[PDB]
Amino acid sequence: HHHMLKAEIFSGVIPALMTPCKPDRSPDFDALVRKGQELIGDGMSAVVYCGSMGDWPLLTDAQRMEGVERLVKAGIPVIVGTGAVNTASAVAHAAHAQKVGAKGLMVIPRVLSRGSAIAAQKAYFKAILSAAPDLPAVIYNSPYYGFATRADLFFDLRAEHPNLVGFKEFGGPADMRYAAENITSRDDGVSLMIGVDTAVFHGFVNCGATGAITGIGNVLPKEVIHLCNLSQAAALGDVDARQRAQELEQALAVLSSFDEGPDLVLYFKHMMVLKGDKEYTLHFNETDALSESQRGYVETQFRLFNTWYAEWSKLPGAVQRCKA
């Protein structure tokens, strides 16, 4: 029985990048790289590409791999998303990640064909893990797939695939607790990663999370790093940070809750536009757009949060200590 360091690539704050559109609605890879570099410069530790935030279903496999290569060539630590329509595609993403020197793998379950069958999932995960043996890997778990990776399966996979060192949960606080209690609190180098924007405090403080993959953090990087830092200080036992982390998470809650729904890319791209990044204006599908009411709601809530934060962020104590 062994004690091992957790994988550095799954620590800290990690945006799942959006893919900006050129005016012709093809990917603007230059703008992708610029945003990635900017977010690392703001204090992010790595990025995830191409995930749901990156519009993976709307892009070809070649386009995703080009985006991955461009990010890696720029010196950005990349965790590669393996979401796919089939095993061959998922494997290809993983093989390409290892080939080009990405630093991590996000292993996404099988969809559309045998989605609920646990035997199918086991084989699919093994195929993906086998294709990038040298890359630390995190498995995504969500009720969306009609199945759950439990401890038995996780440890069976890990016994055959030593690169499986992480677990990322979308499915709610109770599911994250299940993971912390039964999977990720061994001695042995396995990390729980926060996998939805609304679960940051719960993940770091109540579940021993090592890192957070963020949607809203693409828009509000300094504020999301601030929350993550406060939450990590709270996990050390700090009194002041534990209060402050909760205040900030609650103020962020509406804008973070867009990460939970179908329109996450619509909402987050519109927020990028609101803060002056016009390249986030168009979507890959010509008719994908927020409604008039949805745009008004997000604009109102964006303004509210920015106003609150402008004053709250001046408070002495943990608020200052934990800034990015």
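Numbering starts at 1 and runs along the sequence shown.
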item	value
Stretch with the greater mean C-alpha B-factor as recorded in the entry, comparing 190 to 198 against 164 to 172	164 to 172
149 to 157 versus 100 to 108 - greater average Cα B-factor per the deposited record	149 to 157
Maximum C-alpha temperature factor, selected from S116, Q243, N206, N229	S116
Options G43, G276, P57, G51 - largest CA temperature factor per the record	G276
Lowest, middle or highest third - CA B-factor, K73	highest
Ranked C-alpha temperature factor of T82 among modelled chain residues, by third	lowest
B-factor third for the C-alpha atom of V13 within its chain	lowest
Among modelled residues of the same chain, the CA temperature factor third for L304	lowest
Within-chain third of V239 by Cα B-factor, per the entry	middle
